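Below is one structure, written out as structure tokens, with a few remarks after it.
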Amino acid sequence: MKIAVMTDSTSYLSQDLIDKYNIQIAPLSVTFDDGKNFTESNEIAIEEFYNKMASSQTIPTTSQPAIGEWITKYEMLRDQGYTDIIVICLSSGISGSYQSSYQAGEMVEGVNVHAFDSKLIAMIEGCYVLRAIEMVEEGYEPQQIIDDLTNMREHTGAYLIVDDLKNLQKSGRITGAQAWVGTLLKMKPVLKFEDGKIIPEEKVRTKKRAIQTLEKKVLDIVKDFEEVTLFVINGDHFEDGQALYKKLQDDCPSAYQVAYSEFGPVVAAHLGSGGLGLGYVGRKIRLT
Ligand SMILES: CCCCCCCCCCCCCCCC(=O)O
């Protein structure tokens with residue numbers, strides 16, 4: 001038996017982890033109506049993308065990995081002797097990448113494809129990749145790994161803050177009054193992931209208090225977990241995420257694993273500027 005683990009680009013794993021474990025990545029893309037295209041990778045400048053988003057009078061569109069990017073990587077790993085491929089995708093409730101990875105697995109002969117719906121995104125989804133890789137080293141078969149990841153999914157979630165109200169109306173999800181009235185009070189919509197979908201949770205005035213709301217809600221949940229891994233997932237507001245990150249280091253015990261990360265263009269294309277989230281996993285994920 002020879003098991004491999006791959007994922008899509010929205011897992012936002014560091015290039016250090018990608019290189020160390022030779023993780024293959026099927027990238028997503030974001031295409032402005034300028035015709036400008038950004039294929040997600042650890043090479044494009046995230047600052048250039050945020051500048052084009054502010055300059056673009058229309059919101060861009062994101063695309064799942066094309067049914068083909070999966071196929072070549074499936075063919076490449078099978079050639080290298082891999083008998084089973086575990087594919088970790090972002091939430092099927094917000095993207096079709098999970099479906100494309102499954103359908104492409106039906107067209108590649110001579111290798112078993114085990115597509116997994118993480119029901120999340122960013123480094124929270126990447127935690128499923130690092131848990132699968134760890135289990136392969138310990139001698140687990142793919143079915144035990146899928147069952148473990150399915151159990152892990154039961155104690156995994158995330159809350160997030162929306163900051164760019166201008167980006168919301170450019171997409172049409174809010175009005176002009178609500179956009180205008182919202183920025184003057186500085187109302188921050190707080191949302192959370194639930195069964196792979198993003199649903200409204202609270203509406204909080206000022207970003208500082210919404211960050212404190214993220215901390216209280218997540219901490220109240222992970223108190224009951226035997227193992228805890230917390231992930232600050234920040235946008236382009238460096239000071240916002242660092243404040244929450246350092247606040248967690250002071251308020252949480254060392255038994256909690258607390259880490260910091262940032263999301264890429266595909267997530268930024270939907271969140272806009274100033275996005276910030278707090279994810280959690282009920283496990284002690286190996287981040288090295
Ligand atoms: C703390 C973890 C969560 C951080 C915030 C993540 C919110 C994600 C927003 C929606 C992204 C949609 C991606 C669609 C991809 C596609 O085109 O198939």
Side-chain angles (χ1 to χ4, degrees), residues 5 7-18 21 23 25 40 42 46 88-91 94 116-134 149 152-163 190-194 196 198 201 210-268 270-271 274-288:
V5 178
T7 176
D8 49 41
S9 58
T10 43
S11 44
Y12 298 140
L13 291 156
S14 75
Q15 199 60 39
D16 311 76
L17 295 173
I18 290 178
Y21 298 114
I23 313 173
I25 317 285
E40 272 204 325
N42 287 322
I46 194 59
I88 291 93
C89 316
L90 80 163
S91 176
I94 66 179
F116 183 75
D117 183 10
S118 74
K119 291 186 181 297
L120 254 287
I121 206 172
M123 257 317 291
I124 298 301
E125 173 204 349
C127 280
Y128 294 92
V129 185
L130 304 187
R131 172 59 185 168
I133 292 175
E134 185 184 32
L149 297 180
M152 190 164 104
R153 203 173 49 181
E154 307 173 12
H155 312 280
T156 294
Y159 294 71
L160 62 137
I161 307 175
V162 170
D163 200 300
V190 171
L191 305 91
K192 65 166 177 179
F193 272 76
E194 191 66 30
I198 306 174
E201 167 79 2
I211 289 174
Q212 168 215 112
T213 307
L214 291 196
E215 219 209 312
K216 168 59 62 187
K217 291 185 174 307
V218 171
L219 283 196
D220 280 358
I221 290 179
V222 304
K223 294 282 201 234
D224 301 314
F225 293 172
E226 301 175 3
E227 301 175 356
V228 174
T229 294
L230 302 175
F231 255 105
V232 172
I233 306 194
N234 194 25
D236 56 355
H237 289 18
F238 181 78
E239 299 72 68
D240 288 351
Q242 286 296 316
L244 168 61
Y245 175 67
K246 296 196 260 132
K247 192 73 192 310
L248 283 168
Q249 281 177 331
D250 294 325
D251 294 345
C252 298
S254 293
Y256 285 12
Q257 190 167 220
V258 183
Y260 175 88
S261 66
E262 298 172 338
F263 48 76
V266 158
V267 170
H270 292 269
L271 264 75
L276 174 59
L278 178 51
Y280 63 88
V281 180
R283 306 279 191 83
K284 217 174 188 61
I285 308 295
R286 184 180 73 177
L287 306 174
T288 49

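Start at 1 with the first residue, then count along the sequence. Values below: every heavy atom of this structure, side chains too, minus hydrogens, waters and symmetry copies.
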Expected output: side-chain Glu125 to main-chain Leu90 donor-acceptor under 3.5 Å: yes
Enter the distance from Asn234:CG to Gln242:CD here, rounded to the nearest 0.5 Å. 7.5 Å
Can you find a pair of side-chain heavy atoms, one from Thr213 and one from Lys216, that are under 4.5 Å apart? no
Rounded at 0.5 Å granularity, tell me how far CD in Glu215 sits from CG in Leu278. 8.0 Å
Any side-chain heavy atom of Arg286 sitting closer than 4.5 Å to one from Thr288? yes
Taking every heavy atom of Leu276 against every heavy atom of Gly241, the minimum-distance pair comes out as CD1-CA, 3.9 Å
In the structure I gave you, are the side-chain heavy atoms of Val129 and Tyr21 within less than 4.5 Å of one another anywhere? no
Let me confirm one number: the CD1-CZ distance from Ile233 to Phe263, rounded to the nearest 0.5 Å. 8.5 Å
Once rounded to the nearest 0.5 Å, what's the spacing between atom CD1 of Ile94 and atom CG of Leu120? 8.0 Å
Is a side-chain donor or acceptor of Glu40 paired with a backbone partner of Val266 at a separation under 3.5 angstrom? yes
Taking all atoms of both residues into account, what is the closest heavy-atom pair of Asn42 and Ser14, and its distance? ND2-C, 4.2 Å
Determine the minimum heavy-atom distance between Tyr245 and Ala259, stating which atoms define it. CE1-C, 3.6 Å
What pairs of donor and acceptor atoms, side-chain ones from residues 152-159 against any protein atom, are under 3.5 angstrom apart with sequence neighbours left out?
{"from": "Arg153", "atom 1": "NH1", "to": "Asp117", "atom 2": "O", "distance (Å)": "2.7"}
{"from": "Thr156", "atom 1": "OG1", "to": "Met152", "atom 2": "O", "distance (Å)": "2.8"}

Check: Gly126 main-chain N/O paired with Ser11 side-chain donor or acceptor under 3.5 Å: no
Less than 4.5 Å apart, side chain to side chain, heavy atoms only: is that true for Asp251 and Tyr256? no
Quick one: does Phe193's side chain get under 4.5 Å of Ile121's, heavy atoms only? yes
Can you measure from NE2 (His237) to CG (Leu244) and round to the nearest 0.5 angstrom? 14.5 Å
For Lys284, the option from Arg131, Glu226, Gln257 that meets side chain to side chain contact (heavy atoms under 4.5 Å, CB included): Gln257
Contact between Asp8 and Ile25 at the side-chain level, heavy atoms closer than 4.5 Å - yes or no? no
Rounded to the nearest 0.5 Å, what separates atom OH in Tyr280 from atom CD1 in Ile124? 9.5 Å
Is there a side-chain contact between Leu214 and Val190, using heavy atoms and a 4.5 Å cut-off? yes
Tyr12 side chain to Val267 main-chain N or O, any donor-acceptor pair under 3.5 Å? yes
Please work out which of the three classes, parallel, tilted or perpendicular, describes the rings of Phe238 and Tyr260, given edges at 30° and 60°. perpendicular
Do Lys192 and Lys217 have side chains that approach each other closer than 4.5 Å (heavy atoms only, starting at C-beta)? no
Test side chain to side chain contact (heavy atoms under 4.5 Å, CB included), reference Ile161, set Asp240, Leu191, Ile211, output is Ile211
Quick one: closest heavy-atom pair of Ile88 and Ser118, and the distance? CG2-CB, 4.3 Å
If I compare all heavy atoms of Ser91 with all of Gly196, which pair ends up nearest, and what's the gap? OG-O, 2.5 Å
Stepwise side-chain contact (heavy atoms from CB on, under 4.5 Å) check, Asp236 with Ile46: CA-CA 9 Å; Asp236 56 355; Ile46 194 59; over 6 Å; no
State, to 0.1 Å, how close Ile23 and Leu17 come at their nearest heavy-atom pair, and which atoms those are. CD1-O, 3.6 Å
